[PDB]
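Numbering (PDB author numbering), first residue to last: 0 to 64.
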């Protein structure tokens, strides 16, 4: 389990973009997003840096928790 806080993920629709970004990178990933806390939980064989790099490129720079 890796977890990020995503300050820019400020609504449901940003959350969709975050989730689709991750799923396009790794179709086997599990992703949970919570707009109330701006927290994103990911299960993936990829590294936290690879996930973050993708999220950054999408305009949702995260901080790993």
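C-beta atoms are modelled at their ideal positions from N, C-alpha and C, and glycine is treated no differently.
The shortest CA-to-CA distance from residue 16 to any of 64, 43, 55, 46 is the one to 55. Taking C-beta atoms as the reference points, residue 24 and residue 53 count as a pair closer than 8 Å.
Taking the Cα positions, residue 11 is about 14 Å away from residue 20.
Residue pairing for residue 40: DSSP places it in a beta bridge opposite 2, 31. The straight-line gap separating the alpha-carbon atoms of residue 31 and residue 60 is approximately 17 Å.
As a beta-bridge residue in DSSP terms, residue 63 pairs with 3.
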